[PDB]
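Asker: I would like to see how this sequence folds:
(one chain, ligands or ions: 2)
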Amino acid sequence: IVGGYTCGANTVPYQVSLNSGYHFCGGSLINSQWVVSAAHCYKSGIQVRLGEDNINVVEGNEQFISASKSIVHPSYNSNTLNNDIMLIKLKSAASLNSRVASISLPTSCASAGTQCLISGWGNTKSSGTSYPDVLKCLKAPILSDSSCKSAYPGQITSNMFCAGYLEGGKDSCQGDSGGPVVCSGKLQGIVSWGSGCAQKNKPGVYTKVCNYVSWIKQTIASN
Ligand SMILES: Nc1nc2ccccc2[nH]1
Ligand SMILES: [Ca+2]
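Answerer: Numbers count the residues shown, from 1 in each chain. Ligands and ions are numbered 1, 2, ... in the order given. Please see the structure below:
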């Protein structure tokens with residue numbers, strides 16, 4: 001997260017860290033046994049880490065659970081990143097409390113102008129790499145489809161939306177991939193892609209979760 005602030009320990013209880021010997025992507029807990037992340041974060045050997053703040057120190061509240069299966073959307077296109085969403089089933093259920101909790105899926109999509117909270121342990125520098133130890137937060141608005149399409153002509157599908165600042169300076173970045181974009185208490189986006197991080201007129205692009213709720217429900221119901 002570039003231009004964000006320190007969230008504060010366990011203030012984002014649905015945030016998870018996907019770990020394979022190091023943190024490589026974020027995700028959101030949507031129930032005690034399932035996590036939603038981005039398809040491009042797929043790999044085998046994933047350990048899901050819940051209740052984290054400093055990812056390099058066991059401070060208490062952490063729950064490390066192995067993933068039993070990862071289900072990448074069948075229509076995910078790695079060249080266009082269309083349908084960039086994945087569900088991860090945990091080997092055992094997580095214990096939910098105030099520090100570890102799930103986030104609700106939306107019932108309707110959000111409108112441009114909606115202010116959302118984006119969080120993660122990704123890079124904090126636009127020109128260079130500095131990975132933080134603790135969780136960073138950024139409040140950002142959803143942009144209109146015209147501004148998004150004008151920023152990324154020919155690359156935005158109906159399953160994506162832009163959020164951020166056109167002046168640059170604040171944005172998600174590598175390492176934040178798969179993490180949450182929450183607006184009014186509902187998970188509306190998943191950190192997917194962008195051109196660089198925090199560059200002027202190149203806002204971040206997110207997977208539009210409201211378009212996948214029935215898919216998520218049906219898939220969880222059958223697995
Ligand atoms: N804004 C933005 N978000 C990103 C997520 C992964 C890689 C680069 C990115 N740029
Ligand atoms: Ca920790």
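
Asker: if I pick the most centrally placed residue in the chain, what's in contact with it?
Answerer: Central residue of the chain (C-alpha atoms, centre = their mean): residue 179, 1.5 Å from the mean position. By C-beta atoms under 8 Å, 6 or more residues apart in numbering, the contact list for residue 179 reads 15, 25-28, 37, 118-120, 122, 172, 190-191. C-beta here means a position set from N, CA and C on the backbone, and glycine is covered the same way.

Asker: Now, the residues you listed that are in strands?
Answerer: Using DSSP state E, 15, 25-28, 37, 118-120, 190-191 are the members of the contacts of residue 179 that sit in strands.

Asker: any chance of these in CSV, plus neighbour count?
Answerer: Listed next are the ones in strands among the contacts of residue 179 as CSV, based on neighbours: other C-beta atoms under 10 Å:
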residue, neighbour count
15, 28
25, 27
26, 30
27, 31
28, 25
37, 30
118, 29
119, 25
120, 31
190, 26
191, 33
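
Asker: Residue 142: which of those is nearest?
Answerer: Nearest to residue 142 among the ones in strands among the contacts of residue 179 is residue 118, at 10.9 Å by C-beta to C-beta.

Asker: correct me, but the closest one touches residue 136?
Answerer: No. With contacts counted by C-beta atoms under 8 Å, residue 118 stays clear of residue 136, the gap being 9.1 Å.

Asker: from the contacts of residue 179, which are also near ligand 2?
Answerer: Counting by C-beta under 5 Å from the ion, nothing from the contacts of residue 179 sits close to ligand 2.

Asker: Find the nearest non-adjacent residue to residue 180, please.
Answerer: Nearest non-adjacent residue to residue 180, counting by C-beta to C-beta, 6 or more residues apart in numbering: residue 28, 4.3 Å away.
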